[PDB]
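Okay, structure first, notes after.
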Amino acid sequence: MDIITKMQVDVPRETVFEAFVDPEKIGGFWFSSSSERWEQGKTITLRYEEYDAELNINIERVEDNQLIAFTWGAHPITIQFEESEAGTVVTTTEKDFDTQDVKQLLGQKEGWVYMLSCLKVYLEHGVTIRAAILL
Amino acid sequence: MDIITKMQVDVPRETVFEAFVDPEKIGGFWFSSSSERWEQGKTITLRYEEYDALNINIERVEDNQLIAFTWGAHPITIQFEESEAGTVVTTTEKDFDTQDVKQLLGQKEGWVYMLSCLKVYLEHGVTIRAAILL
């Protein structure tokens, strides 16, 4: 099982890509802060001012304005950005899950959908709706 | 199995309830409009302009607290409860098989997205593309 979620965001692909990798932008829809810009081969410190929690993630692969890859909890993750008429389609993929745990699947799906909804609102309106944690 | 989703919305419970039952407000986050105010015992014709496209029978309504109706073979309840900063909305779509995981995941996505659209609409007065869900 791979949890794949797609969300349309009405802004250019570069702008959506930047929303994730730019330490100053991520706070509007996801982590409260990042240690530095997301680069292929850099280990980033992702803060959650909310739960006063911190986690370190190493960026595995990065294709400018097109792909960000990494892993969490041993689950491969990729955030892709494709062009669409009105702007961009973001596709999040969190791989390797079993059916035995429908509860886990639903919870992760919820996290991805919520984060992408917060993303859409932040980029389309410049306002925020309580960033999520997901991971 | 039931698909339960909860969302915090920072406005009073009465404002969240009116957003669903008032024909003039629902288009900010879900269906484009309703034939009339959602009331217990009425059949409501819902519009979704994007698809230029349904009817639901409102079974129960507890003002500012609960709305229940059935879609297909899945009873649904939308509940509103007070929270310190506003309201906690709980949507429940019932009686799914644990077979079609894709169906459960697709419906979950639907509820989470609708509640997110609701949150922005009520907290910020702006909207993001409404989805049909049903």
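Simple scheme: letters A, B, ... for chains in structure tokens order, numbers from 1 for residues in each chain, numbers from 1 for ligands in the order shown.
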
Problem - Residues of chain A within 8 Å of chain B, counting only C-alpha atoms, as a list in words - result: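 Interface list for chain A against chain B: residues 99, 102, 105, 106, 109, 110, 113, 114, 117, 118, 120, 121, 124, 125, 127, 128 and 129 of chain A.
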
Could you write out the selected residues, including C-alpha atoms, as an mmCIF file, in the first residue's frame?
data_model
loop_
_atom_site.group_PDB
_atom_site.id
_atom_site.type_symbol
_atom_site.label_atom_id
_atom_site.label_comp_id
_atom_site.auth_asym_id
_atom_site.auth_seq_id
_atom_site.Cartn_x
_atom_site.Cartn_y
_atom_site.Cartn_z
ATOM 1 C CA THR A 99 -3.994 -3.555 4.880
ATOM 2 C CA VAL A 102 -6.731 0.355 8.168
ATOM 3 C CA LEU A 105 -3.718 4.195 6.695
ATOM 4 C CA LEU A 106 -6.660 6.478 7.451
ATOM 5 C CA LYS A 109 -4.123 9.866 4.634
ATOM 6 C CA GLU A 110 -5.715 12.481 6.898
ATOM 7 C CA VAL A 113 -4.773 15.708 2.907
ATOM 8 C CA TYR A 114 -4.782 18.257 5.706
ATOM 9 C CA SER A 117 -5.148 21.778 2.177
ATOM 10 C CA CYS A 118 -3.163 24.082 4.441
ATOM 11 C CA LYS A 120 -3.365 25.387 -0.902
ATOM 12 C CA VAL A 121 -4.836 28.010 1.409
ATOM 13 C CA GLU A 124 -3.764 30.910 -2.817
ATOM 14 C CA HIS A 125 -4.768 33.357 -0.071
ATOM 15 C CA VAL A 127 -3.554 33.060 5.175
ATOM 16 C CA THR A 128 -3.042 30.002 7.363
ATOM 17 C CA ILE A 129 -5.307 27.400 8.961
#

Problem - DSSP-assigned strand (DSSP E) among chain B, expressed as a PyMOL selection string - result: chain B and resi 3-9+33-34+43-47+55-62+66-71+74-83+86-93

Practice task
Would you please work out which residue, of A:12, A:1, A:6, A:32, is nearest to residue 91 (chain A) when using only C-alpha atoms?
Solution key: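 Smallest distance to residue 91 (chain A) is found for A:6.
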
Practice task
Quick one: everything within 8 Å of region 51-65 of chain A, counting only C-alpha atoms, minus sequence neighbours fewer than 2 positions away in the same chain. Send it as number ranges by chain.
Solution key: A: 13-14, 16-18, 38-49, 67-72, 81

Practice task
Calculate how many Å separate CA of residue 87 (chain A) from CA of residue 134 (chain A), rounding to one decimal.
Solution key: 24.7 Å

Fill in the blank from the handout: Correct to one decimal, the distance CA of residue 15 (chain A)-CA of residue 30 (chain A) is 15.5 Å

Exercise for the section: Find the distance between CA of residue 37 (chain A) and CA of residue 94 (chain A) and write it in Å to one decimal. Expected result: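 For CA of residue 37 (chain A) relative to CA of residue 94 (chain A), the distance reads 21.5 Å.
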
Practice task
For each of B:122, B:7, B:46, B:56, take the minimum atom-to-atom distance to residue 80 (chain B), counting only C-alpha atoms, then give the residue where this is smallest.
Solution key: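 When distances to residue 80 (chain B) are compared using only C-alpha atoms, the smallest one comes from B:7.
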
Handout entry: Nearest to residue 35 (chain B), chosen from B:87, B:55, B:64, B:79, with only C-alpha atoms counted in the distances
Key =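 The answer is B:55, which sits nearest to residue 35 (chain B).
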
Problem - Residue set, region 19-128 of chain A restricted to alpha helix (DSSP H), as an NGL selection string - result: :A and (19-21 or 102-125)
